[PDB]
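Only one chain comes next, encoded as structure tokens, the form deposited in one PDB entry.
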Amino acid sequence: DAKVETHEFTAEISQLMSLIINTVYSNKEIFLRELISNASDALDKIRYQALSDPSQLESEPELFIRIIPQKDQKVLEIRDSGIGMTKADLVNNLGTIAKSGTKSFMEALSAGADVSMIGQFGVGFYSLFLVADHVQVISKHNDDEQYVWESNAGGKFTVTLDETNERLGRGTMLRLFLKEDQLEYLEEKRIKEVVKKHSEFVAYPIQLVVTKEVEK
């Protein structure tokens, strides 16, 4: 019965989340580019460590990004085998500590910036609220157990020891609970379109998991 630890977002991050979840910006599909870039960055970090110490890869030898539609749940999962995040990393990097990126980006938006520039401010993760109203971040770093960070775009998030999801081995899986009007991002054809348009230059395989009935 793992303790659910509740934490408060810094005010700036709560402010940014509210802006994104409510914005009517047109090009919502850039969320996927931002999340694939975060995955690629985490994969770059384990590759760097493994160049010196190859044993760091033994927890999951393959380096990949994997997109898993869960149609019945209205959930889109994005998994990577990058370096992952410890419990402390999840609490520190995903809410409690003000990122400079938040304020500068919000000022840029007020001045006319395109929401698509969010990654240039280091806060591209929060673009998921363009298409989702709830997210779980499941992560496993070689230095810690597997943990789940969870938020509903409010001012609070939780961190819980993971006793309910598939083991990642090493890496991170985002579970996006999609809005009711954004279910196109569960479709194979649409996902492929978005990946090919915005994520052509990625050094890791981008795998798409598709479920089909075996016909008679």
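One rule holds for the numbers: they count along the sequence shown, beginning at 1. For the two forms, the rigid core is made up of the largest set of C-alpha atoms that agree within 1.5 Å on superposition.
Not pictured, yet referred to below: the form deposited in another entry.
**Student:** Any idea which of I78, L109, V137, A132 has its C-alpha shifted 2 Å or more between the shown form and the other one with the rigid core fixed?
**Tutor:** The only residue crossing the 2 Å threshold is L109.
**Student:** After fitting the rigid core, is the C-alpha of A203 off by 2 Å or more between the shown form and the other one?
**Tutor:** No, because once the rigid core is superposed, the C-alpha of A203 moves less than 2 Å between the shown form and the other one.
**Student:** Once everything's superposed on the core, is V194 shifted 2 Å or more at the Cα between the shown form and the other one?
**Tutor:** Comparing the forms between the shown form and the other one, which are aligned on their rigid core, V194 does not shift its C-alpha by 2 Å or more.
**Student:** Using the form shown as baseline, tell whether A11 and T160 are closer or farther in Cα-Cα distance in that other deposited form, where the change reaches 3 Å or more.
**Tutor:** Compared with this form, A11 and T160 lie closer in that other deposited form.
**Student:** Is the CA-CA spacing of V115 and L130 tighter or wider in that other deposited form than here, given a 3 Å or more change?
**Tutor:** Farther apart, which means the C-alphas of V115 and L130 are at least 3 Å more distant in that other deposited form.
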